[PDB]
Amino acid sequence: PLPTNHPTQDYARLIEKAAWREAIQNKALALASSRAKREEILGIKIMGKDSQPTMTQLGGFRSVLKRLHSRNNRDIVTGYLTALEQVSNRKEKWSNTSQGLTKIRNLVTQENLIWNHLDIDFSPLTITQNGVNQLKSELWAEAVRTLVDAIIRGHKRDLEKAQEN
Amino acid sequence: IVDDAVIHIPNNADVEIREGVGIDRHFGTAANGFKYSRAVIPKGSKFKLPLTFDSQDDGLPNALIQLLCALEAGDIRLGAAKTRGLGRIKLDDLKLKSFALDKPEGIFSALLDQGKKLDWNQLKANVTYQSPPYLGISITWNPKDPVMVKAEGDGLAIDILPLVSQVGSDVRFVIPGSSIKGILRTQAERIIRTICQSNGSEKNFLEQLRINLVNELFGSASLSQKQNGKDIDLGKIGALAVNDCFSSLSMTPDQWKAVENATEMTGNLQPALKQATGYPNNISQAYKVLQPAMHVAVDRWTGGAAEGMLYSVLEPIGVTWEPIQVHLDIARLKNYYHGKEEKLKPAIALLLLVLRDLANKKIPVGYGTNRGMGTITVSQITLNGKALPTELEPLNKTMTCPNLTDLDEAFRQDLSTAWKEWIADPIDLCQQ
RNA sequence: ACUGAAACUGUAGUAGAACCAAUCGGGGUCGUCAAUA
RNA sequence: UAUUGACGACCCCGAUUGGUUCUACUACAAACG
């Protein structure tokens, strides 16, 4: 790895983000391609024709996650989840998920957890010393958004195979 | 030489995301699959004009002076969605530095002295800007019933909030030009289909859109088709382009976040709206501008309210809006009609029929048009074309009667005659 | 029993055309609750 | 056999579409009197 003071450290860091971003994206595709991995990460599942929760409830969450630009915005998503949880009829909309409301709470509030789900080995993808710690602190919110977007797309397109018969 | 130019978004405003939907022409509702989003650079954002010209002739070309005039006029459009709201740029602070690379002193000036400054105003005086034929329509509307495009997602204190955009250092309420163009296109197509008695129920949404005159005015998707050996693009850009509309009413980017992040309608929302409307001490005056409206669905056997079906709208009941600005590239139409200025009259006639409906409240705009919102009052339409063909010049009019009776009757009859001739045989008018 | 020299992978080309963030919903209203003596 | 004796609010958004279609290199300079 480059010495931290090295003059090409700035340029190298542009190469790193690119390699990390595209790695996160490709892994999010793979993880979203299986229904067991979608249920593990968000609790989202198919029950015959039915989606747990309905796609409208996933769209509501996904519309709030668009506001997760940084970890200073995780209060926005935790605001949404507490409001959802505080309304009994909306909470019940998420029963028969595999604990999906708390899985969302965790992913938004445990910074390591997106990386645990992605489980990318970033060593082939970093060259700056302290590259992994800084890029994880930098790309966290984008990784969360990227994984949930992929999961919800793979969910809906597996739902279409069960629903459109 | 044209360099890559980085865009400086004002302050550090983030990129906006703009929602898009195709509305099925039969059901009047979002067509399946036709739901999309586009990241857009705000407005007010700046970037360099990175241009270098190597002259072999003496002086600077007239065509290149004309180009720089068009940039300062704001006539060039850049990027995607040029007809659907986007892409307008304007040049400011144009500077010309000249280096006589043909001579010792000018080559060293290139190396060391940063060049001779030319007064642009001198060349700008030597030239007349040859603006191409276009018609510009500017419509002055005030909302009759609240008008608003829905924001991309449900709020906390208010479920349904107006769409906003960054306009410099402030946020303003926006009616995307994508929205004004889809309502105008929808009424344009409905008129055409009504005359031809042509149904839209069996066609898919891409087929529903593809009908005559609107394909030239509003544009058609690129779609290469083998006709017979020959291969033809059915796509053409719209000659009609609409610009996003913005309110008279602006807020600082945090004032609106105070509204978006309010959690109690009678709690912290009240200060947020009092702040954002500019009436911090008059909730009454504040709520004559932005009014929260509660709505229920009432269950049909019990009355009361249906479980869960309680929702709220921030109705911009008293937001004032800027004029809508439409731009008809007469030159682009004339190219589609292979130069034949006589073929313009049906497209012009259609556009004036669409404007007659817009003025007569037949075209509501934005969210909730069937549900208490979206009715506009059109108090003036200003048709203001430049280099129009001589028979279309009576378009140059400020209209205030909704029924077009400010346009000369002999002109409206001439358009009506060509319109009726087309109705009698509604050929694809750009096929030759 | 003698290193060839010299030579810009460059030139032209708008990631664009089409697409409504939209459809439905009265801020509404009556008898329940507890089980014995 | 039918008595005991009055209190009390609820709903807080729900359902859906989440991209669709087209263009995917084209001429060149090296080939060929």
Side-chain angles (χ1 to χ4, degrees), chain A residues 54-60 62-63 83-84 86-90 93 149 152-153 156-157, chain B residues 2 18-25 27-38 76-85 87 148-160 163 175-187 204-210 214-215 218-225 231 233-238 242 264-265 292-300 302-313 363-372 374:
Chain A
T54 63
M55 290 301 315
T56 299
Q57 292 293 318
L58 295 174
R62 186 168 156 263
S63 304
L84 165 47
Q86 285 164 358
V87 183
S88 177
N89 296 318
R90 314 215 301 126
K93 238 69 178 59
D149 181 73
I152 293 177
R153 187 179 296 99
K156 210 270 170 169
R157 299 205 189 197
Chain B
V2 201
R18 277 280 185 85
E19 297 293 330
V21 76
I23 300 299
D24 188 295
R25 301 298 192 245
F27 303 99
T29 67
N32 289 337
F34 293 88
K35 174 67 254 287
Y36 65 93
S37 62
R38 186 185 296 278
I76 303 190
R77 295 208 179 207
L78 184 67
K82 287 178 292 302
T83 60
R84 327 183 289 260
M148 65 159 259
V149 171
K150 211 216 173 188
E152 67 292 323
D154 291 4
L156 297 182
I158 295 289
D159 303 286
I160 295 139
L163 188 68
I175 301 278
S178 284
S179 282
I180 315 152
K181 190 187 186 201
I183 69 183
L184 294 175
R185 186 186 183 115
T186 296
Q187 192 67 10
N204 69 82
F205 176 73
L206 287 175
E207 263 62 73
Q208 288 174 343
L209 289 173
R210 207 192 304 107
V214 305
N215 294 332
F218 297 96
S220 51
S222 286
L223 172 57
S224 52
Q225 297 289 23
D231 188 341
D233 191 17
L234 277 51
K236 69 205 72 184
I237 194 165
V242 203
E264 295 299 328
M265 177 180 290
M294 274 288 192
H295 300 145
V296 282
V298 177
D299 171 280
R300 295 294 190 260
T302 60
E307 187 74 5
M309 308 302 168
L310 180 61
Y311 64 107
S312 59
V313 187
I363 317 177
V365 53
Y367 194 65
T369 61
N370 262 17
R371 306 191 307 288

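All chains are named by letter (A, B, ...) in the order of the sequence lines, taking the proteins before the strands, and each is independently numbered beginning at 1. What's counted below: heavy atoms across the whole structure, side chains too, no hydrogens, waters or symmetry copies.
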Atom P, compared across D:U21 and C:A22: separation rounded to whole Å: 24 Å
Verdict with reasoning, B:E152 to B:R18, per salt bridge (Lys or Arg N to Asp or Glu O under 4.0 Å): CA-CA 8 Å; B:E152 67 292 323; B:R18 277 280 185 85; over 6 Å; no
Groove of the paired bases approached by B:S222, where its side chain comes under 5.0 Å: minor
Phosphate-side-chain proximity, B:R185 and C:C20, N/O vs OP1/OP2 below 4.0 Å: no
Stack test, strand neighbours D:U26 and D:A27, 5.5 Å, 30°: yes
Nearest-neighbour nucleotide for the B:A80 side chain, C:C19, D:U16, C:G16 considered: C:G16
Rounded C1' spacing from D:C11 to C:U29 in Å: 11 Å
Euclidean distance for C1', D:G18 against C:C19 (whole angstrom): 14 Å
Base orientation of C:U11, syn vs anti, 90° cut from 0: anti
Intra-strand stack C:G13 & C:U14, ring centres under 5.5 Å, planes under 30°: no
Expected output: side-chain B:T369 to main-chain B:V365 donor-acceptor under 3.5 Å: no
Spacing between B:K150 atom NZ and D:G14 atom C1', to the nearest angstrom: 12 Å
Non-hydrogen atoms of B:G22 and B:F205 that approach each other most closely: CA-CZ, 3.5 Å
Stacking of D:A9 on D:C10, centroid gap under 5.5 Å, tilt under 30°: yes
Geometric stacking, C:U32 and C:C33, six-membered rings, under 5.5 angstrom and under 30 degrees: yes
Whole-Å gap separating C1' (C:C20) and CZ (B:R38): 15 Å
Between C:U9 and D:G33 - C1' atom distance, rounded Å: 27 Å
Counterpart base for C:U36, defined by Watson-Crick or G-U wobble contacts under 3.5 Å: D:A2
Base orientation of D:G18, syn vs anti, 90° cut from 0: anti
Under 3.5 Å: donor-acceptor pair, side chain of B:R84, backbone of B:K82: no
Check: B:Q208 main-chain N/O paired with B:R210 side-chain donor or acceptor under 3.5 Å: no
A:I152 CD1 - D:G18 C1' separation (whole Å): 10 Å
Side chain of B:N370 - closest among D:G19, C:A22, C:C24: C:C24
Major or minor groove - the one reached by side-chain atoms of B:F34 at under 5.0 Å: minor
C:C33 and D:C10, which share atom name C1', separated by this distance in whole Å: 16 Å
Groove contacted by B:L206 side chain (base N/O atoms under 5.0 Å): minor
Polar pair under 3.5 Å, donor/acceptor by atom type, side chain B:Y311, base D:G14: no
Whether C:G26 stacks with C:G27 under 5.5 Å centre spacing and 30° plane angle: no
Nearest-angstrom distance, P atom, D:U16 to C:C20: 23 Å
Spacing of A:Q86 atom CD relative to D:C10 atom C1', expressed in whole Å: 17 Å
Distance-only polar pair, side chains of B:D159 and B:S312, donor-acceptor under 3.5 Å: yes
Distance, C1' atom - from D:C25 to C:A15, rounded to whole angstrom: 13 Å
Pairwise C1' distance, C:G27 and D:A9 [rounded to whole Å]: 15 Å
